[PDB]
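Chemist: Take a look at this one; I'll ask things after.
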Amino acid sequence: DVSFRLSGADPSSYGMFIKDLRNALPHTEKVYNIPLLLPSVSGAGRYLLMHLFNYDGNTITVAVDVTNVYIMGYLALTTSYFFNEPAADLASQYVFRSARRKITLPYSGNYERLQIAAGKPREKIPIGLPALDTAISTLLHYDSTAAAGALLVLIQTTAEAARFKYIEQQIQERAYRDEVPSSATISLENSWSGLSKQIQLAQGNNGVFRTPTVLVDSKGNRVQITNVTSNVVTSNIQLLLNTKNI
Ligand SMILES: OC[C@H]1O[C@H](O[C@H]2O[C@H](CO)[C@@H](O)[C@H](O)[C@H]2O)[C@H](O)[C@@H](O)[C@@H]1O
Ligand SMILES: *[C@@H]1O[C@H](CO)[C@@H](O)[C@H](O)[C@H]1NC(C)=O
């Protein structure tokens with residue numbers, strides 16, 4: 001399991017949590033020195049539990065699929081919640097089975113459905129350590145519209161920061177003030193599958209992407225990534241979605 005406490009949190013303790021989160025995900029191989037997540041894991045071992053604590057010390061446990069870093073559901077006191085999607089329903093066969101009741105949330109976990117439930121794109125939702133504290137608090141009691149926005153904050157500040165060092169730094173910069181994600185942050189989120197596939201296809205193509213990946217940079221400039229020498233590959237991405245899952 002991994003844990004993170006908002007009480008006393010700072011860029012360093014957040015960086016330790018994101019390091020623990022990356023290190024809890026299993027891999028047998030690296031591709032261009034980036035851990036390659038597994039094609040599959042059977043049974044309960046597929047799910048990592050993240051214990052998160054708000055500033056007041058109240059806690060939720062979040063279940064994360066270790067093959068793709070997708071959050072499946074969470075437990076808050078004696079109630080479990082899961083997204084309305086087959087992978088989450090399967091996860092509910094393994095985690096939080098001791099909850100007194102299980103609520104299936106009225107959306108799946110993808111960004112498009114969550115933004116629809118929330119009423120706003122994530123371009124408009126501030127993220128940061130304070131927004132994470134609010135998100136944990138929100139998730140403690142069911143409200144499905146408030147929860148969709150909390151879950152947009154939780155996905156970006158947890159499993160997204162684990163995938164990209166740039167996003168982790170963006171959250172560290174928002175340790176004490178939220179701010180909406182940069183368009184670079186959004187681009188990388190949206191590109192993770194694509195990047196993970198191109199970096200794998202580069203292995204028998206001399207380091208060259210079969211198809212270029214278009215990203216927005218930190219200045220808001222739209223760039224093409226064409227090969228593994230790009231700083232996105234050598235410095236930023238930390239985890240590759242296995243092509244078997246793409
Ligand atoms: O269920 C949690 C994960 O959501 C993030 O990605 C979501 O949004 C995508 C929308 O474009 C979907 O393809 C995907 O199903 C969603 O899961 C992210 O992938 C993970 O870090 C979150 O844990
Ligand atoms: C690879 O990447 C860099 C951009 O970061 C580019 O300048 C260079 O021309 C590319 N090399 C090849 C072999 O495509």
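Ordering of the structure tokens sets the chain letters (A, B, ...), residue numbers begin anew at 1 in every chain, and ligands are numbered from 1 in the order given.
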Would you name the residues within 9 Å of ligand 2, counting only C-alpha atoms and all ligand atoms, and put them as number ranges by chain?
Modeler: A: 206-209, 224-232
Chemist: Applying 10 Å and only C-alpha atoms, which residues near residue 166 of chain A remain after dropping the ones on its own chain fewer than 4 positions away? List them as a ChimeraX atom specification.
Modeler: /A:160-162,170-172,184-185,188,218,232,235-238
Chemist: Write out, as a PDB file, in the first residue's frame, the residues just selected, with N, CA, C and O atoms.
Modeler:
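See result_16.pdb below for the written result:
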```
ATOM      1  N   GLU A 160      -1.837  10.689 -12.502  1.00  0.00           N
ATOM      2  CA  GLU A 160      -1.182  11.456 -13.550  1.00  0.00           C
ATOM      3  C   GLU A 160       0.244  11.948 -13.185  1.00  0.00           C
ATOM      4  O   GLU A 160       1.248  11.355 -13.706  1.00  0.00           O
ATOM      5  N   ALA A 161       0.352  12.578 -12.022  1.00  0.00           N
ATOM      6  CA  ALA A 161       1.670  12.938 -11.488  1.00  0.00           C
ATOM      7  C   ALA A 161       2.626  11.698 -11.444  1.00  0.00           C
ATOM      8  O   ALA A 161       3.870  11.840 -11.583  1.00  0.00           O
ATOM      9  N   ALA A 162       2.115  10.523 -11.073  1.00  0.00           N
ATOM     10  CA  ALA A 162       3.007   9.310 -11.121  1.00  0.00           C
ATOM     11  C   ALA A 162       3.489   9.114 -12.600  1.00  0.00           C
ATOM     12  O   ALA A 162       4.677   8.706 -12.827  1.00  0.00           O
ATOM     13  N   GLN A 170       4.196  20.316 -11.445  1.00  0.00           N
ATOM     14  CA  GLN A 170       3.109  21.253 -11.513  1.00  0.00           C
ATOM     15  C   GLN A 170       2.330  21.214 -10.161  1.00  0.00           C
ATOM     16  O   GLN A 170       1.953  22.246  -9.647  1.00  0.00           O
ATOM     17  N   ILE A 171       2.089  20.026  -9.608  1.00  0.00           N
ATOM     18  CA  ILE A 171       1.370  19.902  -8.342  1.00  0.00           C
ATOM     19  C   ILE A 171       2.242  20.415  -7.212  1.00  0.00           C
ATOM     20  O   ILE A 171       1.759  21.138  -6.388  1.00  0.00           O
ATOM     21  N   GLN A 172       3.527  20.147  -7.235  1.00  0.00           N
ATOM     22  CA  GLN A 172       4.397  20.721  -6.192  1.00  0.00           C
ATOM     23  C   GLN A 172       4.376  22.271  -6.177  1.00  0.00           C
ATOM     24  O   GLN A 172       4.503  22.905  -5.103  1.00  0.00           O
ATOM     25  N   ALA A 184      -0.108  22.242 -21.259  1.00  0.00           N
ATOM     26  CA  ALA A 184       0.899  21.151 -21.343  1.00  0.00           C
ATOM     27  C   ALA A 184       0.458  19.948 -20.500  1.00  0.00           C
ATOM     28  O   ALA A 184       0.514  18.755 -20.933  1.00  0.00           O
ATOM     29  N   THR A 185       0.037  20.234 -19.277  1.00  0.00           N
ATOM     30  CA  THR A 185      -0.422  19.149 -18.375  1.00  0.00           C
ATOM     31  C   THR A 185      -1.582  18.360 -19.046  1.00  0.00           C
ATOM     32  O   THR A 185      -1.624  17.081 -19.054  1.00  0.00           O
ATOM     33  N   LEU A 188      -0.376  16.171 -21.993  1.00  0.00           N
ATOM     34  CA  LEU A 188       0.337  14.966 -21.580  1.00  0.00           C
ATOM     35  C   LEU A 188      -0.647  13.952 -21.071  1.00  0.00           C
ATOM     36  O   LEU A 188      -0.540  12.736 -21.377  1.00  0.00           O
ATOM     37  N   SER A 218       5.316  23.980 -22.456  1.00  0.00           N
ATOM     38  CA  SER A 218       5.062  24.878 -21.278  1.00  0.00           C
ATOM     39  C   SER A 218       4.767  26.337 -21.618  1.00  0.00           C
ATOM     40  O   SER A 218       4.254  27.096 -20.769  1.00  0.00           O
ATOM     41  N   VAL A 232      10.536  14.798 -23.532  1.00  0.00           N
ATOM     42  CA  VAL A 232       9.324  14.068 -23.002  1.00  0.00           C
ATOM     43  C   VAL A 232       9.625  12.609 -22.640  1.00  0.00           C
ATOM     44  O   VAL A 232       9.210  12.053 -21.586  1.00  0.00           O
ATOM     45  N   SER A 235      13.190  12.556 -19.971  1.00  0.00           N
ATOM     46  CA  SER A 235      13.110  13.173 -18.624  1.00  0.00           C
ATOM     47  C   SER A 235      11.741  13.089 -17.918  1.00  0.00           C
ATOM     48  O   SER A 235      11.676  12.956 -16.669  1.00  0.00           O
ATOM     49  N   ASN A 236      10.692  13.114 -18.674  1.00  0.00           N
ATOM     50  CA  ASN A 236       9.336  13.462 -18.162  1.00  0.00           C
ATOM     51  C   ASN A 236       8.508  12.165 -17.869  1.00  0.00           C
ATOM     52  O   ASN A 236       8.296  11.832 -16.691  1.00  0.00           O
ATOM     53  N   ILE A 237       8.188  11.354 -18.877  1.00  0.00           N
ATOM     54  CA  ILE A 237       7.356  10.158 -18.702  1.00  0.00           C
ATOM     55  C   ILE A 237       8.021   9.196 -17.767  1.00  0.00           C
ATOM     56  O   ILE A 237       9.269   9.012 -17.927  1.00  0.00           O
ATOM     57  N   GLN A 238       7.264   8.569 -16.817  1.00  0.00           N
ATOM     58  CA  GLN A 238       7.846   7.709 -15.774  1.00  0.00           C
ATOM     59  C   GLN A 238       7.342   6.295 -15.832  1.00  0.00           C
ATOM     60  O   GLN A 238       7.862   5.415 -15.090  1.00  0.00           O
TER      61      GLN A 238
END
```
Chemist: At what distance in Å, to one decimal, does atom CA of residue 197 of chain A lie from atom CA of residue 243 of chain A?
Modeler: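 Computing it gives 5.6 Å between the two atoms.
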Chemist: What residues have any atom no more than 8 Å from ligand 1 when counting only C-alpha atoms and all ligand atoms, and can you list them as a list in words?
Modeler: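 Every residue with an atom at most 8 Å from ligand 1 is listed here: residues 64, 65, 68, 69, 70, 71, 72, 73, 83, 108, 109, 110, 111, 112, 113, 152, 155, 156, 158, 159, 160, 163, 189 and 190 of chain A.
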Chemist: As JSON, numbers by chain, which residues of segment 172-246 of chain A does DSSP assign to alpha helix (DSSP H)?
Modeler: {"A": [172, 173, 183, 184, 185, 186, 187, 188, 189, 190, 191, 192, 193, 194, 195, 196, 197, 198, 199, 200, 201, 231]}
Chemist: Hey, which of A:210, A:22, A:100, A:5 ends up closest to residue 55 of chain A? Count only C-alpha atoms.
Modeler: A:5
Chemist: State, in Å with one decimal place, the distance from atom CA of residue 182 of chain A to atom CA of residue 154 of chain A.
Modeler: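 So the answer is 16.4 Å.
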Chemist: So, counting only C-alpha atoms, which residue among A:88, A:57, A:42, A:6 is closest to residue 131 of chain A?
Modeler: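 Counting only C-alpha atoms, the residue closest to residue 131 of chain A is A:6.
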Chemist: From the set A:144, A:58, A:134, A:191, which residue has the shortest atom-to-atom contact distance to residue 81 of chain A, counting only C-alpha atoms?
Modeler: A:144
Chemist: Quick one: of A:118, A:239, A:195, A:36, who's nearest to residue 146 of chain A, counting only C-alpha atoms?
Modeler: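 Closest residue, counting only C-alpha atoms: A:118.
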Chemist: Could you please determine the separation between atom CA of residue 86 of chain A and atom CA of residue 61 of chain A in Å, to one decimal place?
Modeler: 20.1 Å
